[PDB]
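[1] sequence? don't have it. structure:
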C-alpha cells in the first residue's frame, strides 16, 4: 500500500480497473475514472515542509474515500494526484455527482495545528467506453481533461472531450 496515504498501490488500482472494465460496459452502469489534482500542493509542501505535506495527502485521500461509493478504488500518483475508479457509476450522472461530492469535501479546511490549509482541486473525468476502452486510454483521457480543467480555473471538474 501507499505508506503516505494508506491507499491501494498503483498495481492494485490497475487490477481493480481492469476487473471493473470487464464487469461494467453498460451505458447505464459504466466504469468512470476521475483524475484529481491537488493544484496548490507544491507551494504548500514547499512552504510547510514534507511532514505537513504528507499529512495533507493522507487527509485528502481519506476525504476522497468518504465521497466515493463503497466498492470504488482510490490511489495516489505523480506525488499529488489521485486516480479514482467508480466501479459502476449508475445514478452518478457519469461520475459528475461523485466529483461534486469530492469537491465539497475537499473545499473544507485542513487544520494542522494553528495553520489553516485550503487546497485548490481540479478533476478530469473519463467515461468508458466513449472516452476510451482500455485502462490506459481512459486514464490518459481523464488526465487530459484534468489538465484542461486546471488551465481554466480551480475547484472544478470537466469531462474528456473527443
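    Sure thing, it's come through. Numbering: from 1, shown residues only.

[2] which outside residues touch the helix or strand encompassing residue 37?
    Using DSSP states H and E, residue 37 falls within strand 32-38. Counting contacts by Cβ atoms under 8 Å, 6 or more residues apart in numbering, the residues outside strand 32-38 that touch it are 17, 56-57, 60, 64, 80-86, 89, 92, 94-95, 98-99, 102, 119-128, 138-139, 142-143, 145-147, 150, 157. From N, CA and C alone the C-beta is placed, and that goes for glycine too.

[3] if you set the cut-off to 6 Å instead, what comes out?
    The contact list for strand 32-38 (Cβ atoms under 6 Å, 6 or more residues apart in numbering) reads 80-84, 86, 89, 94-95, 99, 119, 122-127, 138, 142-143, 146, 150.

[4] for stretch 69-81, measure first residue to last.
    Counting by Cα to Cα, to the nearest Å, you get 19 Å between the two ends of stretch 69-81.

[5] return the distance of it from the chain's centre.
    With Cα atoms, centre = their mean, to the nearest Å as the basis, stretch 69-81 stands 6 Å off its chain's centre.

[6] centre-most residue in this structure?
    In the chain, the C-alpha nearest the mean C-alpha coordinate belongs to residue 36, at 3.6 Å (Cα atoms, centre = their mean).

[7] centre of the chain versus the strand holding residue 37, how much separation?
    When distances are taken as Cα atoms, centre = their mean, strand 32-38 is centred 3 Å away from the chain's centroid.

[8] partner strands of it and their direction?
    Strand 32-38 has its sheet partners listed here by DSSP bridges as strand 81-86 (antiparallel), strand 121-127 (antiparallel).

[9] what's the helix or strand for residue 104?
    helix 96-106.

[10] in whichever helix or strand comes after that helix, which residues are buried?
    Following helix 96-106 in sequence order, the next helix or strand is strand 110-112 (DSSP H and E). Neighbour-count burial for strand 110-112, counted by 16 or more other Cβ atoms under 10 Å, picks out residue 110.
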